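Quick heads-up: it's one chain on its own, the form deposited in one PDB entry, in structure tokens.
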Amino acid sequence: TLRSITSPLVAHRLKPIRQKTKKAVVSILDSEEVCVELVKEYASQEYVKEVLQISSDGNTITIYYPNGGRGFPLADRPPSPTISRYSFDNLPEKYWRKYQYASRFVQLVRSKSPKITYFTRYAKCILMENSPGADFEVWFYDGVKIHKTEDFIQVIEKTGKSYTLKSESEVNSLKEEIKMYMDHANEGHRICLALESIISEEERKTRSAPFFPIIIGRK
């Protein structure tokens, strides 16, 4: 089953981007739908063999084959439909691998799209959109960098010494100066998840324009 290998992608609140690759284009549209165009070259020009349109929740997949014959020319935007409609769990295996391409893209975009920026007395924290276990960067004013992933934890020092850690396994053992930074960065993390939760809940009820991205505080 497809659900056993990935979760449906979520493109809500992500800025539009049309990213070209050698055999394909993957796109986050204005509608927040995620589009993947399959691209083949013939006669020294590039065409579009099939299109996978995914809804903003990755539940609905629309698929069409534009026809020349046999295809449509590459453009600044995706071809108009002229069609098969699936739900995530009824998507046939031949398309899974492609969906994972779009899925894997969104996931990466999400991990770089700030969701909550928060300014403390010592640092500008940034909770990213790749929930759950979203990336979390703490850019201290004094120059120190910290970055948290679901797995590992990278630290940089003013000096620029760059290094990384496992799941807090190595946590206790560190320069207690560093102990000071990580505590404060974890304080920020608790704060940001709380803010995420309440704002999310109010957004759930409100139903109009998004409450993220969000910058909070100053200095």
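Think of the rigid core as the biggest set of C-alphas that the two forms share within 1.5 Å after superposition. Each residue number is its position in the shown sequence, starting from 1.
The same protein also has a form deposited in another entry, omitted here; what follows describes it.
Taking the rigid core as the frame, does residue 150 move its C-alpha by 2 Å or more between this form and the one not shown?
Not so; residue 150 is displaced by less than 2 Å.
Under a superposition restricted to the rigid core, does residue 164 display a Cα displacement of 2 angstroms or more between this form and the one not shown?
The answer is no, as the C-alpha of residue 164 shifts between this form and the one not shown by less than 2 Å after core alignment.
Once the two forms are fit on the core, has residue 183 moved its CA by at least 2 Å between this form and the one not shown?
No; residue 183 is a residue whose C-alpha shifts by less than 2 Å between this form and the one not shown when the cores are overlaid.
Which is it in the other entry for the CA atoms of residue 167 and residue 134, closer or farther than here, knowing they shift by 3 Å or more?
Compared with this form, residue 167 and residue 134 lie farther apart in the other entry.
Is the CA-CA spacing of residue 207 and residue 29 tighter or wider in the other entry than here, given a 3 Å or more change?
Here the pair is closer than in the other entry; there, farther apart.
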